[PDB]
Amino acid sequence: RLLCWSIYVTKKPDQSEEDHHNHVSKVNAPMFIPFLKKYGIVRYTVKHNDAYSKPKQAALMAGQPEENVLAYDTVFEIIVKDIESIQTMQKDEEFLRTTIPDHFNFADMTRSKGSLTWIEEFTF
Amino acid sequence: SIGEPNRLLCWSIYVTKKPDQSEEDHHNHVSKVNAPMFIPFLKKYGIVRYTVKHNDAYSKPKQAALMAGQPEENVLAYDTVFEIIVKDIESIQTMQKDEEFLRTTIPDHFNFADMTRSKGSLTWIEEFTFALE
Ligand SMILES: CC(C)(C)C=C=C(Cc1cccc(C#N)c1)C(N)=O
């Protein structure tokens with residue numbers, strides 16, 4: 001069983017959508033991805049709920065209450081073989097000095113959530 | 001009328017299980033009955049990938065490890081999360097119109113899903129697969 005560690009992120013309160021997703025994609029991802037490779041993460045996914053996606057969402061879910069949408073700005077996901085990869089990555093000195101502090105730039109940790117699931121995946 | 005280039009999309013369904021249903025019957029139903037019912041429709045409409053996330057007896061002790069010192073409220077406690085990766089929302093809209101989809105897979109949800117306590121999401125995704133290829 002592969003595991004998936006997901007963090008549902010609400011963006012910084014004084015932060016625009018454009019600044020938030022610019023940061024996540026263009027500054028945080030290149031800073032983050034080296035460590036995920038180092039610790040043998042299988043896949044890193046970033047889900048974006050922004051101006052590009054929101055109209056297609058509205059199209060998909062029109063006529064339901066808006067409350068029916070899980071409305072985080074970004075969802076961060078890594079598929080790992082075990083949680084030791086994550087635990088070990090968390091103890092990494094550079095990860096702690098550079099990428100962990102980076103969350104000051106985009107994530108409101110008081111309005112974000114995490115979830116560790118095990119997955120079944122089917123690729124067509 | 002000229003469109004910005006397409007980005008991969010992820011349609012996520014966040015499912016709370018039927019209240020009168022144990023976790024074990026929830027995930028067995030999801031793995032063993034729904035997923036095979038569902039999958040042929042995902043192929044038929046060119047779905048790129050189908051992921052089922054389980055939050056259950058197997059995953060929870062590891063989730064508790066990762067979230068040491070964090071309140072229960074910080075946990076997204078849906079029982080299962082369904083993700084289909086598609087290249088355009090047209091795949092999904094049209095799959096949603098399929099008569100057998102509506103006849104079998106949609107109503108199967110009365111066997112595992114509390115839809116009043118379920119949510120949906122349509123995002124665009126960036127993805128990095130680390131496998132050397
Ligand atoms: C919560 C969110 C989305 C910011 C995760 C992230 C990181 C790095 C980071 C920072 C703080 C704690 C952990 C752990 N475990 C990991 C990133 N996006 O670089």
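Sequence lines set the chain letters: A, B, ... in the order given, protein chains first and strands last, and positions in each chain run from 1. In each ligand, atom 1 is the first atom listed, and ligand 1 is the first ligand listed.
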Give a table of atom pairs where an N or O of ligand 1 lies under 3.5 Å from a protein N or O.
unit_1	atom_1	unit_2	atom_2	d
ligand 1	15 (N)	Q90(A)	NE2	2.9
ligand 1	18 (N)	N28(A)	OD1	3.1
ligand 1	18 (N)	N28(A)	ND2	3.2
ligand 1	19 (O)	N28(A)	ND2	2.7

Can you classify the ring geometry of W118(A) versus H54(B) as parallel (below 30°), tilted (30 to 60°) or perpendicular (above 60°)?
parallel
Is it true that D92(A) and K38(A) make a salt bridge, defined as a side-chain N closer than 4.0 Å to a carboxylate O?
yes
Checking side-chain polar atoms at under 3.5 Å, does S91(B) have a donor or acceptor matched by the opposite partner on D88(B)?
yes
Check for me whether the distance between the ring centres of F130(B) and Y44(A) falls short of 6.0 Å.
no
Assess whether salt bridge (charged side-chain N to carboxylate O under 4.0 Å, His left out) is satisfied between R49(B) and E83(B), documenting all intermediate values.
CA-CA 8 Å; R49(B) 186 180 77 217; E83(B) 312 208 337; 5.8 Å; no
Checking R7(B) against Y52(A): charged group under 6.0 Å from the ring centre and within 45 degrees of the axis?
yes
